[PDB]
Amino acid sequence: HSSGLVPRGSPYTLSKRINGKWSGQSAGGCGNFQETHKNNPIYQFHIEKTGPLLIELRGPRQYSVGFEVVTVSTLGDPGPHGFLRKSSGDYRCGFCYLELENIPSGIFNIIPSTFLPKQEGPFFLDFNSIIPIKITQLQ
């Protein structure tokens, strides 16, 4: 993996970049498009030690983008920073992010999308951390 765009000397000392795209079936659009949102790409990552994670998504300037993070498996006891699903928030043009300073140890999925379906194009997902994170693509 290459790296994202992180200041020199950032507290996030590791940056792992995933390059993907929306194309054909996988251009599913946001959650409003309930028939196709679940067709978007899905990446899966492991947090080995609870600690800070910041995820950035970039797509074309002219696309409004967002992502959701879903807890798949946390084996630790039920802490305050536990969740079912979180998101980058409002769709934004070109760039969005989510900072999880105390994400629990476990398995999570991340689903990046454009606002409307059938918006084809590239994206980068950057995972900025202090501990290495294993990632794989599910679809």
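For every residue, the number given is its place in the sequence shown, counted from 1.
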So which stretch wins on mean C-alpha B-factor, 48-56 or 104-112?
-> 48-56
Assert higher mean C-alpha B factor (58-66 or 79-87, deposited values) equals 79-87
Chain thirds by Cα B factor, record data; residue 18 belongs to the middle
For residue 71, does the deposited CA B-factor place it in the lowest, middle or highest third of the chain?
-> lowest
Compare the C-alpha B factor of residue 128 with those of the other modelled residues in its chain, then answer lowest, middle or highest third.
-> lowest
